[PDB]
Structure formats: C-alpha cells, structure tokens
Visitor: 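Handing you this structure, nothing more for now.
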Amino acid sequence: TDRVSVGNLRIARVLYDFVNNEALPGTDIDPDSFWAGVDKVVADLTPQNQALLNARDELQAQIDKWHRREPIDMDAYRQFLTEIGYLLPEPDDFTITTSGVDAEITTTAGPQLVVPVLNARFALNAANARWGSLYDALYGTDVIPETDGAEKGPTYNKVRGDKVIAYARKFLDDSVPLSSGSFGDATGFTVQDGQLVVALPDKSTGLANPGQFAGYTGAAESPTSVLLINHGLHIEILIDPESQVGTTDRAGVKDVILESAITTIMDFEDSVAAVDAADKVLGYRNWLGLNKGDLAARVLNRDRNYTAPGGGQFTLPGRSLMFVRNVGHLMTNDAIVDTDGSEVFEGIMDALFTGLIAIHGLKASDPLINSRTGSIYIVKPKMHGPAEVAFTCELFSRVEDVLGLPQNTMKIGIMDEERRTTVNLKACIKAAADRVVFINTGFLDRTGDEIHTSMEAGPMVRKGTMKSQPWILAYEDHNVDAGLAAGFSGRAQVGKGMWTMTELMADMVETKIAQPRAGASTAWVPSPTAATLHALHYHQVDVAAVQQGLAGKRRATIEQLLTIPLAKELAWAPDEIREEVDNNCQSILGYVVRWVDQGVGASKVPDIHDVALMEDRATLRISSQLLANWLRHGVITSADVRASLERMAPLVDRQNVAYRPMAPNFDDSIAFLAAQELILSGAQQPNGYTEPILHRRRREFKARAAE
Ligand SMILES: O=C(O)/C(O)=C/C(=O)c1cccc(O)c1
Ligand SMILES: [Mg+2]
Ligand code: NI
C-alpha cells in the first residue's frame, strides 16, 4: 500500500488525500503543521497507550493465578484486588465543572440513538430522528397488536389506524391534560388571547397546565399545528382535515409528532467494521458530511419554525445533537504505520481525525449544524479505570493544541462498561471532571468483561441469567449514585443501555420505562422508530424529580459490585446446556459471517427462539466469552462446540443475499474459522475483546477476495 512520509509516519495515501482535500479545507488549520502535530502526538503518546494495555494483561494474569490458587471469600478477594492496585481509593466528594455544554445534554432527558457511521442513510435518518411520527411508530410495529381486525397489510387498515389514534389521544391525556375532558372527544383547536383552547362537544376547555402550551403554526384561530411541551420534550399535533387520516379524525388530526432522539451517537466502534484506511475514510467522510451539512443520499433537516403563544416567531432544533463514538485504547490500524512497520494506535487517530472533522459542525453549513455552545462530543468506550481516563484527557488536550481549539473543547462521554471502571467509577469521573458530559452503563461490554475477568474462577450462569445477577443490579445503581453525587443533575447525562430486540416494540414500551424510573436522563435505542416509542417513557417519568429523590443514596456496596456470577453446582440438564451452546453459536455465526464477508458490523440476527436481535461486537463479546468459560471448565467439550457450530452454520447460510455459504466446507470459510477462533481462543483474547480476531479475519478475507 502506497504511503506518504510525514516524520516517522507512513500515511496511507487514501487517508492522506482525504484529510488534505476534504477534511482540512475550511478549518484554517495549515496542513503541513497538522500532520506535524499528528506525528508529534503519536510519538509522545504511544508509549503510555501501550503501557496501559500491558497493565491490563498484567492485572488479569494476577487475578487468573489467584482464582487458580472454596466458596469465594470476599474479604480476601477485596484485599488482593486493592493490593495489586486494581481496586483504588475512592476520592473525596466533588462536582464536575464541564462547561459550554448544550441543553440537550445538560438538561433534557430523552432517548439517545446509536447508529453506525459507515451507513450514510442510517446516519442521515438518525440525525433527522430528533422529530418522529408517533402514528408511524404505532401503526408500523407491534405496540398496536394485530388481533382480529387490526392486522397490517398491503393497504391502509382503518381499524388499526383508529387504535393508533386512540392510543395517541390517551398519551395526550396522560402528558398534557385538559382542564376538563379528554383529547379523545376534542373537535378542534384554536389560540385565543395567547392560550390554547380545545373544543369539546358540550363545553370548551383549556390546559390543566397552560404552561404546557409552547406554540403553533398557521393562523391562531385554526392553526395547522399546536405545539406542546412536557418534561422538556415537545409534542406537536398536526392538524389537517384534508388528509386521509385527518378526514376520519374527530378533530382533523393528521399525526402526533414526538421530539424523540434528542442526541445521536455516530458510531466508529462496535457497530461498524473498519479494518484499514479505505474503511476509516468511508466513516470519516460520512462524519464530515454530517458536520458540513451536505451529507445526502434525502438530506439533513433544517430547524423548525413556530409561532409563540403571544404571536412572535421562534425556532426549535430540527436535528439530533451529534456525539461521535471513537474506538478505545486497544486496537491499532495500518492506515498509519511508522518506519518499522508498526501500526499506529487507532484511538489516537480517531481523536485527531474525528476531532478535526468536528470543527465543521461548530460553523455555518453549506447555519451552524451542531453545538451552538462550541463543544465537540466524543464517546470514549472500553476504558479500564481512572488512569486510562486521564490518558484520554491528555490525548484530547494534545489534539486540541494540534487543531487550534480552546482547551476542553473536546468533551468525553464516559462508557462504564469495564469492571475496573465500575469499581473505580468515582475516580474515573473525577479524572475527567472538566470534560465529562455523560456516564453510561454499557452493560453488554460490562457483561463480557465480567466473564473474562473471572474466567478462571468457574462456570458462569447462562447468558440469559446475567440480566438479574446481583453484580449487574449493583452496577446499574452504583453508576447512578456516582453520577448524581458528582453533580450530574443539570450538568451531564446519566445514561443506560441498549434495547436489542428490534421488532419487540410492545415489549420495549412496557419494560424499558425502568431506565428513567431508575434516574437515567437518557438511554440507548437502535432506530428512529424506537427513539419515538422510547420518548413516551420520558413523558410518563419525571426524571428530574426521580433524580432529586435519589440524591445522597449509596445503594450498592463494593461487595455487591464484586459478586462474581458463578453458576451453582450442577444447575443444568443436558438439554439446557445444549440450548445455550446452540444459541450462542448461532448468534456468533450470524454476526461474524456478515462482519468478515461483507464488512457489516451491526446485524439483525434471529436467535434460537427466532427473536430478532441487533448484534454488535459487545453481544459477540458475551457469547464468545461465555462458551470459552464453559469450555474452560468442562461444562462442554470441544466436540460439542464444533458440533454446534457445524449444526448452526447451515441455518445461518439459509437465513441469508449476494452472500457466500459457510457449509459444507467449513475449513474453507474464513467467516467460519473466525467464529471458531473467537470461542476456542476466547480465554486468550485481552479482556475477551473480539476486535483482534475480527480485524485479522476481515483483512484476510479482503486479501483473498483480491487474488
Ligand atoms: O452495551 C454496550 O457495551 C454498548 O456499547 C452497546 C452498543 O454499542 C450497541 C450498539 C448497537 C447495537 C447493540 O446491540 C449494541
Ligand atoms: Mg459497549
Ligand atoms: Ni410531570
């Protein structure tokens, strides 16, 4: 591969050209001194990046030996963990000082959307998911069940449409109540002397809380829409008797529009497959078009115009406020190598290049696309403990100097998704006291790190049992406590994890309310549709109140956090073990095959119960680590795993279209071998991470497809 020499670095030409021709134009940064900054940061910061990675292994190996050397004594285990410096002293109370953050993060509680940056349409829809149609969300999914009468089909079904309408009217009643009567019986809306007036058949009523009236469009005496607010989220009733739905409605309502994905995370990490310069350029380019505003497949929303209750004009943001998730400290990428052929740390690159690109979002498009307060929002995943957070800080300060940006311009969304972070979370937050804009429980990764850390102690409970183990319940509460106690209320997001069941929206609406009821001012959804249905929860839960009631609680002990999810003796019949194995192998195989063969890093994979699951590297990190733990402790044999992989593989072949089967020549299929390796090599991956194998096998496939 052809490279450009800058100092000690050899930069892949496609990446060199991309920065110079596309990313640097318009930033007033001088290209020669940008690259000089790249060279200088790489050389100054690569050693400690590597030292931190060595500390991980050195710590895991001590813990390994300790478990090998009989009901686990917690007091001894605490003190060993403290002594090897795993468990560090909790610092004294403090308050974060992160300033210049936008209202969508400091103040608004609402859904947060994660989307793979390499898919421009997905990324486009996600940036546009700030507003979404409630009707579409209910008509298109199973929130409205398809009992007799209400089935979707080729044409519009009015029995279903009616239930959609009745559902939305009750949401209005429950969110923006009338002084008397129900939106179900409304026949019209007008604005009289700056106040909302709803016409019932007998009388007429106003709002039980007139402050919930935020504006309108059209003439005040028969507006084209009425705009409400509740818990800081906007609700827009679209009024159009002319339209098909509008004609049938007792008040001519066409839709209820919900402000939904308040912020969106454009993902470079677990939900994309990017193994060289060609791949990273594609991601960087899409991130560039998002920040310049001209990304198009279909284009980015402009803000929305309203008339205030008094008759003046105002505007509301039409776009999700955009985070970008960089990769973490682990991997390297040959998009840059040095003189010796050593690859450059990929995370360092993401900070330089996603940060460079982000500057366009602070500046007028073609009107400022992203942060009006002047911040750049970078999620930093998969950090292990407070020193690794301080490293990320040091990297962002050095990249700011290279880019010419005020110090602390680059904010950090801290993932709490590694065990050494969990049990040191307070010190991890303090380590970023003036950059941190959220903490979030990345429970999937956190579950993979739970299995790997304690890989030597014994067999683990089944995957489906993890969700209710004491360590994770402690971890979710301990994350809220640490957030609230560092002054996150009004300052930074307290965020929880992802709903993976992409077609079970009835279930999501019924159960995911637990997250705001637990004091989380945001949580993760995988589609704009799911963002819309998840907004409902924030209208029913007063997260501000919930957080206020939780201040000063400390609800998890370090003992509970350290409670390893060991399986109790002989808990499983032959058929239950088989199901776990089979299921784990199916999901692994389904995800890996599109990863290695097509470069898709996030796939909907049905499971053994045919539930469609949105899989990314974290869910793969759980399934691979679990089977490696069962294999390590004799729960299954190597014959079982190879048998199960061979069994599930044709099933995966069948579920797939411009695609290459894995059966029957398993030993020919790079995708099959990668899958096999994740399991049989699983205990030897650093912290169970799946990237090392996925990258090598993706690069392996790319080379084969080119000969
Ligand atoms: O729990 C975590 O560790 C975490 O980071 C979650 C994800 O990245 C994610 C994104 C899309 C789909 C999915 O299933 C998971
Ligand atoms: Mg994660
Ligand atoms: Ni309320």
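If you read the sequence from its start, that first residue is 1, and numbering goes on from there.
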Visitor: Ignoring hydrogens and geometry, is there a side-chain-to-backbone donor-acceptor pair from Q625 to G682 under 3.5 Å?
Guide: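 Between the backbone of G682 and the side chain of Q625 there is a qualifying donor-acceptor contact (under 3.5 Å).
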Visitor: Look at the side chain of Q79 and the backbone N and O of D75, then say whether any donor-acceptor pair between them is shorter than 3.5 Å.
Guide: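 No, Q79 side chain to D75 backbone: no donor-acceptor pair under 3.5 Å.
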Visitor: Kindly state whether the ring of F438 and the ring of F323 have centres lying under 6.0 angstrom apart.
Guide: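 Here the rings of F323 and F438 have centres that are less than 6.0 Å from each other.
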Visitor: Check this for me, if you would: do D267 and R325 make a salt bridge, where the nitrogen-to-carboxylate-oxygen distance has to be below 4.0 angstrom?
Guide: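 Salt bridge: yes.
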Visitor: Is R647 atom CZ crowded by more than 12 heavy atoms from other residues, nucleotides or ligands, each under 6.0 Å away?
Guide: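 Atom CZ in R647 is packed in, count exceeds 12.
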Visitor: Could you tell me whether the side chain of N656 and the main chain of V652 form a donor-acceptor pair under 3.5 Å?
Guide: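 Yes.
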Visitor: Decide whether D350 and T354 meet the rule of one side-chain donor and one side-chain acceptor closer than 3.5 Å.
Guide: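 The answer is no; no qualifying pair exists.
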Visitor: Are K553 and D481 close enough for a salt bridge, meaning some N to O gap below 4.0 Å?
Guide: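 So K553 does not pair with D481 through a salt bridge.
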Visitor: Tell me, yes or no, whether the heavy-atom count around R554 atom CZ, taken from other residues, nucleotides or ligands under 6.0 Å, exceeds 12.
Guide: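 Counting neighbours around CZ of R554, 12 or fewer heavy atoms of other residues, nucleotides or ligands fall under 6.0 Å, so no.
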Visitor: Would you say the side-chain atoms of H478 and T557 include a donor-acceptor pair closer than 3.5 Å?
Guide: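 Checked: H478/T557 side chains show no N/O donor-acceptor pair below 3.5 Å.
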Visitor: On the 0 to 90° scale, with breaks at 30° and 60°, tag the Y689-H384 ring pair as parallel, tilted or perpendicular.
Guide: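 It falls in the perpendicular class, over 60°.
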Visitor: Please check if the distance between the ring centroids of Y77 and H67 is under 6.0 Å.
Guide: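 For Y77 and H67, the ring centres are under 6.0 Å apart.
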Visitor: Is the shortest side-chain N to carboxylate O distance from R446 to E450 below 4.0 Å?
Guide: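 Answer for the salt bridge query: yes.
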Visitor: Check this for me: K467, atom NZ, are more than 12 non-hydrogen atoms of other residues, nucleotides or ligands nearer than 6.0 Å?
Guide: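 More than 12 heavy atoms, drawn from other residues, nucleotides or ligands, come within 6.0 Å of this atom.
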Visitor: To the nearest 0.5 Å, what is the distance between CZ on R78 and CD on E83?
Guide: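 Reported value, rounded in 0.5 Å steps: 14.0 Å.
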Visitor: Under the side chain to side chain donor-acceptor pair (under 3.5 Å) test against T441, which residue among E417, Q515, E476 passes?
Guide: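 Result for side chain to side chain donor-acceptor pair (under 3.5 Å) with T441: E476.
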Visitor: Does any N or O in the side chain of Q547 come within less than 3.5 Å of the main-chain N or O of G519, such that one atom is a donor and the other an acceptor?
Guide: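 Yes, because the side chain of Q547 sits within donor-acceptor range (under 3.5 Å) of the backbone of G519.
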Visitor: Could you tell me whether a side-chain N or O of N119 sits under 3.5 Å from a main-chain N or O of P116, the two making a donor and an acceptor?
Guide: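 No, the answer is negative, given that no donor and acceptor are paired below the 3.5 Å cut-off.
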Visitor: I need the single residue from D445, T690, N687, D270 that forms a side chain to side chain donor-acceptor pair (under 3.5 Å) with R621. Which is it?
Guide: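 Exactly one option meets the side chain to side chain donor-acceptor pair (under 3.5 Å) with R621, and it is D445.
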Visitor: Step through it carefully: locate the ring centre of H329, locate the ring centre of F345, and say whether they are under 6.0 Å apart.
Guide: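 Not under 6.0 Å, so no.
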Visitor: With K382 as reference, evaluate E346, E269, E388, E418 under the salt bridge (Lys or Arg N to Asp or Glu O under 4.0 Å) test and give the passing residue.
Guide: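 Among the candidates, only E269 passes.
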Visitor: Answer yes when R699 and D334 have at least one side-chain N-carboxylate O distance shorter than 4.0 Å, and no when they do not.
Guide: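 Looking at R699 and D334, the cut-off is met.
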Visitor: Looking at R697 and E691, does any basic side-chain N land under 4.0 Å from a carboxylate oxygen?
Guide: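 Looking at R697 and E691, the cut-off is not met.
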Visitor: Angle between ring planes, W471 versus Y475, binned at 30° and 60°: parallel, tilted or perpendicular?
Guide: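 Ring orientation of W471 relative to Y475: tilted.
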